[PDB]
């Protein structure tokens, strides 16, 4: 460690406690349960917004994680609130697993079953089990795992979308030209993430084997060897639909794979994964870090240089992780620079706000919501919690 690293940690801990935690506490829906589903750019909450399951599971994970790391009793209470809504409204009592979305009152809006949603369920429920000891949370997380492995898994990865009763259907995620992507890196990344958390807490052999399997899938099929980049949207055989790179997903995968590797019982695979993770960090730094922050994506030869909140959050963690593994100061410098960028350009200066969704390539704010089904406390909250955990 160092003086700079110690002060970096102290800065992030203060930010988490003084900005992020109180903001998300204010989204608690005491009328119908869970958390309100939308807040616009002008900081207006739409209490009647539909509630996404992934957003609720991310809030569940976040408050549970805050308790597990900081021991805030209030955060545990906020986690309980999210857990109640998951159990009561998002959990399908008849066919099991988690609905895609419900109304603000909890009425099912979209009852289809997506692997992306089930994975975040496992991630949040396992974290909540650690926080609370609630065996019901454990049971649901285990059942989600069993359903993914026995109903959704195929030889080359997971089929990603199902009817409510687990009959498979075509996926819902589309390429930029509107073609359905049957295999997506993002869905499979969050399976990996959730299985790592589940194994961390349960050490069960079935879970271990599935963790190793999805890690191997990333090494053998999803990673583009030597390039530092993963495939993004693919057909059913992991052939790319478009030449595309998502730099935020790359750098997130780098440290999530490195994290999974710590549990691997195969030393040869562990060595390969650690090498892969470092290659991704090195190339991300070289290609996508512009001196102050990370750009977003490149589709064919078209580069999006917008600065997106979650991309910058994952960059801080991914580069700090690379520093820890290599002791190369360039990664530390990039991590702290990216945080200073976030502080100056993405942390909302208005009262009663949090982080902006994005600024454009000229660092101008763009009208986007502060809270939405896809904008959560998980990426930025986890950035803070990871540094707090990692710095002694």
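Numbering follows the first chain given and starts at 1.
Quiz item: In the PDB record, does 18-26 or 378-386 carry the higher mean Cα temperature factor?
Solution: That would be 18-26.
Practice problem: Take the C-alpha B-factors listed in the entry for 182-190 and for 240-248, compute each mean, and give the stretch with the larger one. | Solution: Comparing 182-190 with 240-248, the higher mean C-alpha B-factor belongs to 240-248.
Self-check item: Out of 159, 259, 167, 197, highest CA B-factor residue
Solution: Spelled out: the listed residue with the top C-alpha B-factor is 167.
Quiz prompt | Top Cα B factor in the deposited entry, candidates 119, 204, 86, 215 | solution = That would be 204.
Practice problem: Sort the modelled residues of this chain by their C-alpha B factor and say whether residue 226 lands in the lowest, middle or highest third. | Solution: Its C-alpha B-factor belongs to the highest third of this chain's values.
Exercise. Using the B-factors in the PDB entry, rank residue 271's C-alpha atom against the chain and give the third, lowest, middle or highest.
Key: Highest third of the chain for residue 271's C-alpha B-factor.
Quiz item: Based on the entry's values, in what third of the chain does the Cα temperature factor of residue 292 lie: lowest, middle or highest?
Solution: Answer is highest: the recorded C-alpha B-factor places it there.
Exercise. Would you check the entry's CA temperature factor for residue 367 and let me know if it's in the chain's lowest, middle or highest third?
Key: Residue 367: CA B-factor falls in the middle third of its chain.
Practice problem: Select lowest, middle or highest to describe the third in which the CA B-factor of residue 358 falls within its chain in this entry. | Solution: Its C-alpha B-factor, which the entry lists for residue 358, ranks in the lowest third among residues of this chain.
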